[PDB]
Structure formats: C-alpha cells, structure tokens
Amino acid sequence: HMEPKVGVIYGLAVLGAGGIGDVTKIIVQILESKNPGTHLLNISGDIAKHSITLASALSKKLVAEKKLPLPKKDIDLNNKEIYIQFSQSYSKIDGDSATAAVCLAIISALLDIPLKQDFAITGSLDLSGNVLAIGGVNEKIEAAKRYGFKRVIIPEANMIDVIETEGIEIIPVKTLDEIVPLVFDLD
C-alpha cells in the first residue's frame, strides 16, 4: 500500500505442477556503461532478451508518439547494464506472461517515471504494442486479490476466461497504449 516507484512492478505467476497463483515482485535497474550487458536474477535469458527487444522498440514508439514523456537519460538500451530480478522464477511454460510487466519496468527505469503500486499485471506484448493473451488468468486474479491489490490488469483477449468475481478491479487492456495511463504516474 505504497506510493509509485521507478522500475518496480508486480507480476502474477502460476507455480508448480498444481499451478498455484502468486504475486511476484519485479525490479529493474538500468545504468549507462562501457560494459553493456544484462544481469538476471530469477528470470530466464529468453524472457529477458525478448522483453528487452520489446521495450527497446515500444519505448521509442510511445515516446515518439507522445504517449510517454521524453526520457532525461539516453533511451538506448544497448549502451547499458540492465539488472532484472524476480522475487521468484516463473514456470518455464508460464514465463512469457511476465513480458508486459518486465517491459513496463524497463520503460519505467529507462524514462525514470514512477510506476504505481496499486495493481498487479499479467500479459505479454508484441512489437506493435498489442497486449497478448496468457494462461491461468483466474489463478492470477485471485493471487492479486490475496495480496490486497486494488486493481489487476489482464489481456482483453482473456476477459472471456475470467470467472465473474469481485473484491478487485479487473481491467482488460488490448494495447500498451491503454496500459500507460493506468500504471504510470505522469504527475
């Protein structure tokens, strides 16, 4: 129940064979460097690489389209060391559903814009900014509710899967464009 933070976001994962829903804290830190590279903690190289490729394109896109403010620092990601850590690893098969969160955290750190902490999110993204479908949306929604999040963001593509429930604000999104105003503190 805190105030916005830069580079910190809450994802939603389904763990173990039983597919148990749980919240996962994601923290991304970025620093200019002559020895560029990534340092991953509890996030596979594949998920990380893809998330970076996406954040690289989408960060430039939304800024150029004036949907996100110009960063104070250099928006290029190839000239820095990126630190990504997950409080716990996602399962191999559910891992891609953390991409939206990782991208938002990278974008948040890259543009030094505080990210709201009153929501959790699940979903992937494509180079166009479309929010992609994920699996286990109900288990993830329940986990968000358990930690007391006021809102949970999911792919519009998964609304059909949602088992009518209350106790939390379920917000479907179809594009990174719709997400921005929901997760960023532009004040």
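Note that residue numbering begins at 1 and tracks the sequence as displayed.
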| item | value |
| --- | --- |
| Greater mean Cα temperature factor according to the PDB record, 133 to 141 or 41 to 49 | 41 to 49 |
| Mean Cα B-factor comparison, 79 to 87 or 92 to 100, giving the higher one as deposited | 79 to 87 |
| Identity of residue with top Cα B-factor, from 31, 120, 160, 26 | 31 |
| Given 57, 125, 70, 154, the residue at which the Cα B factor reaches its maximum | 70 |
| Among modelled residues of the same chain, the CA temperature factor third for residue 177 | middle |
| CA B-factor placement of residue 19, once the chain's modelled residues are sorted into thirds | middle |
